[PDB]
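Colleague: Sequence, then structure. It's an experimental one.
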Amino acid sequence: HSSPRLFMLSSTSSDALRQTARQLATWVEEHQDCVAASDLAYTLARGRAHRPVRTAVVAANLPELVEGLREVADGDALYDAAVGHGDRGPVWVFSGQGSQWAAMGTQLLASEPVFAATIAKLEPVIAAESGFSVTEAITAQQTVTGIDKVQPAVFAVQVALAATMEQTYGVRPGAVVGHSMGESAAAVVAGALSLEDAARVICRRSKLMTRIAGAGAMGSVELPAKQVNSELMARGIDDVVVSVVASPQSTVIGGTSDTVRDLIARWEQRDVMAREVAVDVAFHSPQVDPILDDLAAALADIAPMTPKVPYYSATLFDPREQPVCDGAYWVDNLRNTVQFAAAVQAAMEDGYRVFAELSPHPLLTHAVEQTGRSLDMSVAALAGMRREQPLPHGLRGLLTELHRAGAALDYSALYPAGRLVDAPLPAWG
């Protein structure tokens, strides 16, 4: 009962939120000997209709909360308004490779039991399929390397993050969007594949890709894909193609190593933001053609299911179409262009405004923001975790940011029981 709690506080403006903080601090200070911290936290979260401008104060005791509330009330912070209306859940974004960092899973294995349980389920599957310990990989002092180790390790973090958010924090996703290998975690979370079949997909596909390691390169350019394709055709280039369409202004090309690096050098000379992407294989190009028949054969036993959650496909030519996640889908997922911008745009057109990337480090937050900006919409693109970020209280911070942003969530998961206290009710203004 003397453990730190999250006290939610909301209003219609930053000034009104400070007035509510001051009014609450005066009340808590006067009634601290009568009110239990658990009851007041329960009342603020489940007994109040959350207003547009939100915040939360963390405190282990009522005098600590009066300090935090008075700190808010005295300050001059600008509290951003929620972009969601609490009607739709968050859209989980599952990015590709490149998010991995050394001992990325250590703090979450200790602080989040559902993260540890999910990693325990995957441990024997990844061991049987890829021949390594995923727990050793995500807790080692050196970052996981080798496509056959990276993909199962990043997928394992992605799925353990989503299970923790739903099981511990009562956050059911409104929709899922995957990018490249991110689609295996998107399929588990959407109910299209079982945890095990999705692990099999990511294990098998990464083992086959080791055969073509070193063949080709990739590059990111801040130009729309129609423009990039026009330039490739104009220059007579057939060895480099558009591999990813990330945003209405961003494109990833892939193909032979020299031509990709030549194009990046040329774009930078025209003051166009261009960067080589660190890759062993040039995916979503003809470089992956040799291993596609073997992949189809490896995934012939994978059992797809009808998605239970809206699944915005970056593989299909219509993201609103619901995937049949069979072996053919995973072959197309590796070979076809990642139509990530089209998938994000479809979700935004359908009303989703809160996006959270469940990955070891954010790779597609800027892409999501760029699509929102193009549609003239106010969206939130959150990061589930960041490289070397302390997580002493697990994912409680991400829950707070989802709440502040206006994502629909089950408040009875974080505040399961308590008493409605006669705490002040600020006027409607």
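Modeller: Great, that's in hand. Numbers count the residues shown, from 1 in each chain.
Colleague: can you tell me how far residue 160 sits from residue 38?
Modeller: For residue 160, the distance to residue 38 (CB to CB, to the nearest Å) stands at 28 Å. (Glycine included, C-beta is placed from N, CA and C.)
Colleague: So if I had to pick from these two, which one is more boxed in?
Modeller: Higher neighbour count among residue 160 and residue 38: residue 160, with 27 against 15, using other CB atoms under 10 Å.
Colleague: wait, is the more buried one part of a helix?
Modeller: Yes: counting by DSSP: H, G, I helix; E, B strand; the rest coil, residue 160 is found in a helix.
Colleague: Just list the residues touching it, thanks.
Modeller: Contact analysis of residue 160 by CB atoms under 8 Å, 6 or more residues apart in numbering lists 105, 108, 112, 114, 115, 116, 118, 119, 122.
Colleague: Looking at neighbours, which among those is most surrounded?
Modeller: Ranked by the number of neighbours (other CB under 10 Å), the contacts of residue 160 place residue 115 first, at 28 neighbours.
Colleague: Any idea how many residues pack against residue 9?
Modeller: Using other CB under 10 Å as the criterion, residue 9 is surrounded by 24 other residues.
Colleague: Enumerate the positions of stretch 408-426 that are buried.
Modeller: Residues 408, 409, 411, 413, 414, 415, 418, 421, 423, 426 are the ones in stretch 408-426 that count as buried (16 or more other CB atoms under 10 Å).
Colleague: Would you check that the second one makes contact with residue 169?
Modeller: If I follow you right, that is residue 409. Yes: counting by CB atoms under 8 Å, residue 409 touches residue 169, with 7.2 Å between them.
Colleague: intersection of neighbour lists for those two?
Modeller: residue 399.
Colleague: Okay, and the closest residue to residue 117 other than its chain neighbours sits in which element?
Modeller: Leaving aside its chain neighbours, residue 117 sits nearest to residue 163 (7.6 Å; criterion: CB to CB, 6 or more residues apart in numbering). Per DSSP states H and E, residue 163 falls inside helix 147-167.
Colleague: Remind me what the next helix or strand after that helix packs against, helices and strands.
Modeller: Moving toward the C-terminus from helix 147-167, the next helix or strand (DSSP H and E) is strand 175-178. Where contact means 3 or more CB pairs under 8 Å, 6 or more residues apart in numbering; DSSP states H and E, strand 175-178 is packed against strand 91-94, helix 182-189, strand 311-312, helix 340-349.
Colleague: Against residue 294, how distant is the nearest residue to residue 429 once chain neighbours are set aside?
Modeller: Computed as CB to CB, 6+ apart, the closest residue to residue 429 that is not its neighbour in sequence is residue 12, at 6.7 Å. According to CB to CB, residue 12 stands 59 Å off from residue 294.
Colleague: With residue 155 instead?
Modeller: 20 Å.
Colleague: Who has more neighbours out of the two?
Modeller: For residue 155 versus residue 294, the count of surrounding residues by other CB under 10 Å is larger for residue 155: 28 against 15.
Colleague: The closest residue to that one other than its chain neighbours: neighbouring residues, count only.
Modeller: Leaving aside its chain neighbours, residue 155 sits nearest to residue 202 (4.4 Å; criterion: CB to CB, 6+ apart). By the other CB under 10 Å criterion, the neighbourhood of residue 202 contains 28 residues.
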